[PDB]
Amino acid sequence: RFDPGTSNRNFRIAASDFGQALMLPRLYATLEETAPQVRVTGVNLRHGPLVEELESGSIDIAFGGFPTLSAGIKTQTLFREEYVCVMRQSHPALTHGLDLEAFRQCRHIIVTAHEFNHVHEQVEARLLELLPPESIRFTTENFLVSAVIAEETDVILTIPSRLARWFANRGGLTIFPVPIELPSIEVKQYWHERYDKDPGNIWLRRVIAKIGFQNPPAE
């Protein structure tokens, strides 16, 4: 039996750093108003098979796009996302703009996700195919790290538009279209069928389904 109003359960959500930054603030009001002793922990993605973390209960929900989670896994598709490019407000390419070749000759920072089997790996692969190897100056596993490096140096960064907009709304980056075609991605929450009937998991699942991920955090 799980009662949100009195529980002190610590829920663990596996997600990229941006996924955590997107999710947790949108849980705050719900926690404050209805589950004041419930704790939520964001857990970084690891190389091991995520399905086993979900099966054992060491992760309650995975939040992201995880193409290799299937067998033994239930899902709810939360939203669809598209990629854009960002550069800092004082980037010298802004004076005359970029055609596709000038883009390829700029310096880039890449977020790598193939080691975590996160759907961003599809974009990573396309960028690695597109770009001259010497054009790639930085690599990182974390989205927020790459965004703040783009604010402080002349590197181009290709990222989900929700992440881009968060920084653009604060003044630090400007957004422009990716000059090649990239897939859109589906972001979902995932749980193991072993916990499909668990009252705590069900509660968190349903809370997440109520979240508006295109809007500011409530309250």
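When you see a residue number, it is the position in the sequence shown, counting from 1.
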- Message: Mean CA temperature factor from the deposited coordinates, higher in 48-56 or in 146-154?
- Response: 48-56
- Note on the structure: Ranked by mean Cα B-factor in the entry, 130-138 and 80-88, top stretch is 130-138
- Query: Out of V123, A113, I109, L100, which one has a C-alpha B factor higher than all the others in the entry?
  - Reply: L100
- Of the options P183, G42, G172, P160, which has the highest CA B factor as deposited? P183
- Item | Chain thirds of CA B-factor: placement of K197 | highest
- What third of the chain, by the recorded C-alpha B-factor, contains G64? lowest
